[PDB]
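Read off the chains here:
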Amino acid sequence: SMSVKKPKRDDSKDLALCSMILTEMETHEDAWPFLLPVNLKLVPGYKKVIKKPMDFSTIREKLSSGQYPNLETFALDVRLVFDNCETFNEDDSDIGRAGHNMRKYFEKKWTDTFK
């Protein structure tokens, strides 16, 4: 509350460390469905169904231009990429499996870097 604060967690390396995580997600062999925005002209149903499209290149641009206020808003966009994937793709598909694999890979790196 006013003039009553928990001890200050060092957040000075968060930007660099989110960048490293994102680099590792970008270079994973199963990243290919997620590297670029879904083409809304060429994929029937995507525009109407997925209210907030997100992909790795859009996260990279937001990160590089100071559009993440803190590490949690960064995690929320990464998770959105996988939530969107699950909304649109069957579990038993190459893309559906890719999204599950990448979500796992992310959540471990997130826990190990920050928890």
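Residues numbered from 1 in each chain as written, not as in the entry; some residues may be left out. Heavy atoms only, no water. Residues with missing side-chain atoms left out of burial classes, pairs and counts.

Method-wise, the PDB entry is recorded as coming from X-ray crystallography, at a reported resolution of 1.7200 Å.

A. Representation of the environment of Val43 within the structure. Inspection of the secondary structure assignment puts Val43 in the loop between α1 (14-27) and α2 (46-49). You can call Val43 partly exposed: its relative accessible area is 28%. Sequence-distant contacts of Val43, defined by excluding residues within four places in its chain, comprise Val38 and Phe88. (Helix = DSSP H or I, 4+ residues; strand = E, 2+ residues; numbered from the N terminus. Buried < 20%, exposed > 50% of the residue type's maximum accessible area, 1.4 Å probe, protein only. Contact = heavy atoms within 4.5 Å.)

B. Up close: the side chain of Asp77. By the element assignment, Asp77 lies in helix α4 (residues 71-88). Among the residues examined, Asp77 registers a relative accessible area of 9% and is labelled buried. Of note is the side chain of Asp77, whose polar atom sits 2.6 Å from the side chain of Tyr68. Once you skip the residues sitting within four places of it in the chain, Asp77 turns out to touch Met54, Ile59, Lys62 and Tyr68. (Polar contact = N/O pair within 3.5 Å; in protein donor to acceptor, adjacent residues only side chain to side chain.)

C. Inspection of the pattern of salt bridges at higher detail. All chains considered together, the criterion is met by 9 salt bridges. The residue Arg60 makes a salt bridge to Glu26 at a minimum N-O spacing of 2.8 Å. In this pair, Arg60 sits in helix α3 (residues 56-64) while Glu26 sits in helix α1, placing the two residues 34 residues apart along the sequence. Here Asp92 and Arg97 are joined by a salt bridge, their closest N and O atoms 2.9 Å apart. Given a relative accessible area of 40%, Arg97 falls into the partly exposed group. Residues joined by salt bridges that share partners form a network here, namely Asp83, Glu86 and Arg103. (Salt bridge = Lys/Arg side-chain N within 4 Å of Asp/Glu carboxyl O.)

D. How the structure looks around the packing of α4 against helix α5 (residues 94-114). Direction vectors running N to C along α4 and α5 enclose 160°, while the axes themselves pass 8 Å from each other. Judged by the angle between their axes, α4 and α5 are roughly antiparallel. Crossing angle aside, the handedness with which α4 passes α5 is left-handed. Of the residues in α5, those in contact with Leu71, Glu72, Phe74, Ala75, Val78, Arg79, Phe82, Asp83, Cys85 and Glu86 of α4 are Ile95, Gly96, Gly99, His100, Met102, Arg103, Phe106, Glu107, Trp110 and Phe114. A per-class count over the contact of α4 with α5 returns 11 nonpolar, 3 polar and 6 charged. (Axes fitted to C-alpha atoms, helices over the stretch in contact; angles between N-to-C directions. Parallel < 35°, antiparallel > 145°, perpendicular 65-115°, else oblique. Left-handed = near helix turned anticlockwise from the far one by under 90°. Nonpolar A, V, L, I, M, F, W, Y, C, P; charged D, E, K, R; others polar.)

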